[PDB]
Amino acid sequence: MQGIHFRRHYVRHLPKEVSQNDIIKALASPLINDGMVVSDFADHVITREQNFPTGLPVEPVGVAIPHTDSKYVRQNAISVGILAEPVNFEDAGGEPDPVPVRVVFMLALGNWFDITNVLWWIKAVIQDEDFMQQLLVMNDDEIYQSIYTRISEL
Amino acid sequence: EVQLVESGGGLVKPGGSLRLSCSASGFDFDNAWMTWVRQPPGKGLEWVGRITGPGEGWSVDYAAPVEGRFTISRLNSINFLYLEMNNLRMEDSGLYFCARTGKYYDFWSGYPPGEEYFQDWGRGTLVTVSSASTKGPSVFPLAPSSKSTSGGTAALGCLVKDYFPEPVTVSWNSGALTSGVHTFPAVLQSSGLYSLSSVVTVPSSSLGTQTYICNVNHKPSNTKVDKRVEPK
Amino acid sequence: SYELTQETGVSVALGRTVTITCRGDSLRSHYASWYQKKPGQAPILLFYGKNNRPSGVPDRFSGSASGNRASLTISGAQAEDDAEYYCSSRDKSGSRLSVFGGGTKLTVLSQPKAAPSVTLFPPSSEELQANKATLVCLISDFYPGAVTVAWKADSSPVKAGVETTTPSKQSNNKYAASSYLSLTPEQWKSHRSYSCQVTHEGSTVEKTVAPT
């Protein structure tokens, strides 16, 4: 319905010894609580990540954008994780080397026009090296405010 | 085997309205984006408009010359797509296609909102917007000749003279005779009327026993003709 | 070819390779998709995006893209590739609307010459009884698809009354056409003969009918 819901509790720092699935369940958790996705959303993102990985080997901060099928989404939402230390995602391009991910953009979008808008915003944002480093030092409020400003465009 | 079947096309006066239908089977219609496309007579494909899916609240977009006048809707419970056309113009005339529509966006190189492509298509339904009144054909027998055919065979046929608008369909012996028949594309005469011919090649030995009848249907004038063709 | 411009027409010898192009400012931001179409038949999605080919599409079809140009290369053109080809994309960078190119007619110079069959029918008795009269000349199975049709009243040429279709492709990739000469019953009964004269590649067949 064109809007993207992004709330202050959709931004979190994660503990160190978290696996890939741990991350995915933790980022999907506030989306589930808010009723923005089906209740077993994490399972679908996990299963999708295994066959179609979402790691982007960009420098200096590795990124992933895990997601699943739009038919599991109820309202557009985005969920953001900051990793204490890298966790490998497989490379979205089919390179053998894993991606040491520090920043995770979980996407729960059901509108095609919002999907493409967000993907394009992410490609731009991850090439802003100052901004990507900032994400590793800012707290949750500064991350939310920072992303909110840049996303609000549409 | 995806199936798309358009219907509703016909003769309309300029200023008039018309409602097209698109029957759809063989895929997930309820989630499919659906596009209407048209081909004016002798020209190319022209994008008319497109309706999205549930994730997009079923939004619709229209080609510039068509906005306000045309309406694209759908009833998912019966897998039907519709196109409502009002205040029709000459240049709205054409073959109207419906098409299951896919969406593409390449992450590294793409630009919002990506691109839409058309993976499945129906056969179309013909719209004629015009001042002229419908006219039914006159059907004439083309008597059997062996002059241009091979040995023990003859050609005979039907002349479907002066009808408007297209289309006409011709069968033979109510569909029982299908091999050897060639129905030629209509000519558009300097009168605005069409004429086509249909011929079948048959064994010369059968001419005295086997009766031959062409079945001409001109739906726009609600005219059906069964014409006996006999030896001369 | 408004926002997206295609070559009007291109030809290619059977077996050889041809690239057709699609040009417009929106292609600087958007990929194009490609469609084949023949008269009387539904279009067919050949290619789309960066490098996607639907299954069932022969691998001799390949798209690419550069600057404001999208292109479809056909590597080793077959006879059945003789058709119209259409490109499609956004009408504008960032637009939710879509648009087609004006289309390219691709002629495949295929098989050698094939001479036309010419069948000429006289006015039926029924048509004369309705005070009209129509001679019907049917032409088929010729190649290439160009032909000249003249009509004669006796040995004199006939200008008016004549309507002739543009040639159309059969299911066997040869062509068909038809020509009608419309006249009054008086004109039909007035002359000794009428002839339909068909010329194809410097060769002529003439068929004559007479009142009898």
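1. Thoughts on the side chain of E163 of chain C
Next, step 1: Turning to its location among the elements, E163 of chain C is positioned in strand 15 (residues 162-164).
Next, step 2: Buried and unpaired, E163 of chain C has no salt bridge, with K161 of chain B as the nearest side chain of opposite charge at 8.0 Å.
Next, step 3: Apart from residues lying up to four places away in sequence, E163 of chain C is in contact with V187, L188, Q189 and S190 of chain B together with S178, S179 and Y180 of chain C.

2. Section: the state of the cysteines
What is meant by a disulfide is a covalent connection between two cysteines, made through their sulfur atoms.
Next, step 1: Inspection of the entire model under this criterion finds 4 disulfides over all chains.
Next, step 2: The disulfide bridge from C158 of chain B ends at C214 of chain B, spanning 2.0 Å between sulfur atoms. Residues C158 of chain B and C214 of chain B are joined by a disulfide whose S-S torsion is about -90 degrees; by sign, that bridge is left-handed. Taken together, the residues span a long stretch of sequence, with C158 of chain B in strand 13 (residues 153-163) and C214 of chain B in strand 18 (residues 212-218) at a distance of 56 residues. The two residues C158 of chain B and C214 of chain B agree in class, both being buried.
Next, step 3: Paired through a disulfide, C22 of chain C and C87 of chain C show a sulfur-sulfur distance of 2.0 Å. As the torsion about the S-S bond is roughly 60 degrees, the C22 of chain C-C87 of chain C disulfide counts as right-handed. In this pair, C22 of chain C sits in strand 3 (residues 17-23) while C87 of chain C sits in strand 8 (residues 83-90), placing the two residues 65 residues apart along the sequence.
Next, step 4: Here the bonded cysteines of chain B are numbered in sequence order, and their pairing is 1-2, 3-4.

3. Focus: the interface of chain B and chain C
One frequent convention defines the size of an interface as the accessible area lost when the parts assemble.
Next, step 1: Each partner contributes residues to the interface: chain B has 49 residues there, and chain C has 51 residues.
Next, step 2: Interface area for chain B against chain C, summed over the two sides, is near 4000 Å², with a carbon-plus-sulfur share of 64%.
Next, step 3: Its salt-bridge partner being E116 of chain B, residue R90 of chain C comes within 2.7 Å of it at the nearest N-O pair.
Next, step 4: Where chain B touches chain C, the interface holds 14 residue pairs in polar contact.
Next, step 5: Ranked by residue count, the leading element in the side of chain B that touches chain C is strand 10 (residues 115-121) of chain B, at 6 residues.

4. Looking at the pairing of strand 19 (residues 203-209) of chain C
Residues and elements named next belong to chain C.
Next, step 1: Two elements, strand 18 (residues 194-200) and strand 19, share 7 bridges in a ladder whose sense is antiparallel. By the bridge assignment for strand 19, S195 is matched with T208.
Next, step 2: Adjacent in sequence and paired antiparallel, strand 18 and strand 19 are bridged by 2 residues, among which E201 carries a positive phi angle near 55 degrees.

5. Examining the domain arrangement of chain B
All names here are of chain B.
Next, step 1: In terms of domains, chain B is made up of domain 1 (1-131) and domain 2 (132-232).
Next, step 2: Taken together, the contact between domain 1 and domain 2 spans 5 residues of the former and 7 residues of the latter.
Next, step 3: Counting each side, the surface lost to burial between domain 1 and domain 2 is near 440 Å², with a carbon and sulfur contribution of 66%.
Next, step 4: Looking only at domain 1, the three residues that lose the most surface to domain 2 are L11, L126 and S131, adding up to 73% of its buried area.
Next, step 5: Connecting domain 1 to domain 2 are 0 salt bridges.
Next, step 6: On the surface where domain 1 and domain 2 come into contact, there are 1 residue pair in polar contact.

6. Some words on the pairing of strand 10 of chain B
Residue and element names in this part refer to chain B.
Next, step 1: Summarising burial for strand 10: 5 of the 7 residues are buried, a large majority.
Next, step 2: Of the strand pairs in this sheet, strand 9 (residues 94-104) and strand 10 are connected by 6 bridges, and their pairing is antiparallel. Pairing of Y104 across the sheet is with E115, part of strand 10.

7. A word on the sheet that holds strand 5 (residues 99-108) of chain A
Residue and element names in this part refer to chain A.
Next, step 1: Ordered in space as 1-4-5-3-2, the 5 strands form an open sheet in which the pairing is mixed. Among the strands making up the open sheet, the edge pair consists of strand 1 (11-14) and strand 2 (55-56).
Next, step 2: Across 2 bridges, strand 2 lies against strand 3 (residues 62-64) in antiparallel orientation. Among the inter-strand pairings, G55 is bridged to a residue of strand 3, identified as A64.
Next, step 3: Set on the sheet, helix 1 (residues 20-33) makes contact with strand 1, strand 4 (77-89) and strand 5; between it and strand 4 the angle comes to about 160 degrees.

8. Remarks on the pattern of salt bridges
Residue and element names in this part refer to chain B.
Next, step 1: Applying the stated criterion across every chain, the model contains 16 salt bridges over all chains.
Next, step 2: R38 serves as the salt-bridge partner of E46, at 2.9 Å between the closest nitrogen and oxygen.
Next, step 3: Accessibility expressed as a relative area gives 26% for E46, which makes it partly exposed.
Next, step 4: On the accessibility criterion, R38 (3% relative accessible area) is buried.
Next, step 5: Where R50 meets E116, a salt bridge forms, and the shortest distance between an N and an O atom there is 2.8 Å. With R50 in strand 5 (residues 46-51) and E116 in strand 10, this pair connects stretches of sequence that are 66 residues apart.
Next, step 6: Taking the relative accessible area as the measure of exposure, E116 reaches 2% and is therefore buried.
Next, step 7: By sharing partners, the salt bridges in this structure join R38, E46, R69 and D92 into a single network.

9. A short note on the packing of helix 1 of chain A against helix 2 (residues 41-51) of chain A
All names here are of chain A.
Next, step 1: Where helix 1 contacts helix 2, the two axes come as close as 8 Å, and the packing angle between them is 145 degrees. In this structure, helix 1 meets helix 2 at a crossing whose hand is right-handed. Residues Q20, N21, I24, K25, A28, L31 and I32 of helix 1 form the contact with helix 2, whose participating residues are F41, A42, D43, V45, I46 and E49.
Next, step 2: The class makeup of the residues in the contact of helix 1 with helix 2 is 8 nonpolar, 2 polar and 3 charged.

10. Some points on unusual backbone geometry
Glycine aside, residues mostly have negative phi, and peptide bonds are mostly found in the trans state.
Next, step 1: For the bond running from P112 of chain B to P113 of chain B, omega is 0 degrees, close enough to zero to count as cis.
Next, step 2: Relative to the elements of secondary structure, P113 of chain B occurs in the loop between strand 9 and strand 10.
Next, step 3: Looking along the chain, the bond that leaves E166 of chain B and enters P167 of chain B is cis, with omega of 5 degrees.
Next, step 4: Inspection of the secondary structure puts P167 of chain B in the loop between strand 13 and strand 14 (169-172).
Next, step 5: A positive phi angle is found at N173 of chain C, which is not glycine, with a value near 60 degrees.
Next, step 6: The residue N173 of chain C is located in the loop between strand 16 (168-169) and strand 17 (175-183) in this model.
Next, step 7: Note on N173 of chain C: relative accessible area 22%, which makes it partly exposed.

The rules we used
- Residues numbered from 1 in each chain as written, not as in the entry; some residues may be left out.
- Chains lettered and ligands numbered in written order.
- Heavy atoms only, no water.
- Residues with missing side-chain atoms left out of burial classes, pairs and counts.
- Helix = DSSP H or I, 4+ residues; strand = E, 2+ residues; numbered from the N terminus.
- Buried < 20%, exposed > 50% of the residue type's maximum accessible area, 1.4 Å probe, protein only.
- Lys, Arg positive; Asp, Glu negative; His and termini not counted.
- Salt bridge = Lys/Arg side-chain N within 4 Å of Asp/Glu carboxyl O.
- Contact = heavy atoms within 4.5 Å.
- Disulfide = S-S within 2.5 Å.
- Buried area = accessible area lost by both parts, 1.4 Å probe.
- Polar contact = N/O pair within 3.5 Å; in protein donor to acceptor, adjacent residues only side chain to side chain.
- Pairing = 2+ DSSP bridges.
- Domains from an automatic or database assignment.
- Axes fitted to C-alpha atoms, helices over the stretch in contact; angles between N-to-C directions.
- Left-handed = near helix turned anticlockwise from the far one by under 90°.
- Nonpolar A, V, L, I, M, F, W, Y, C, P; charged D, E, K, R; others polar.

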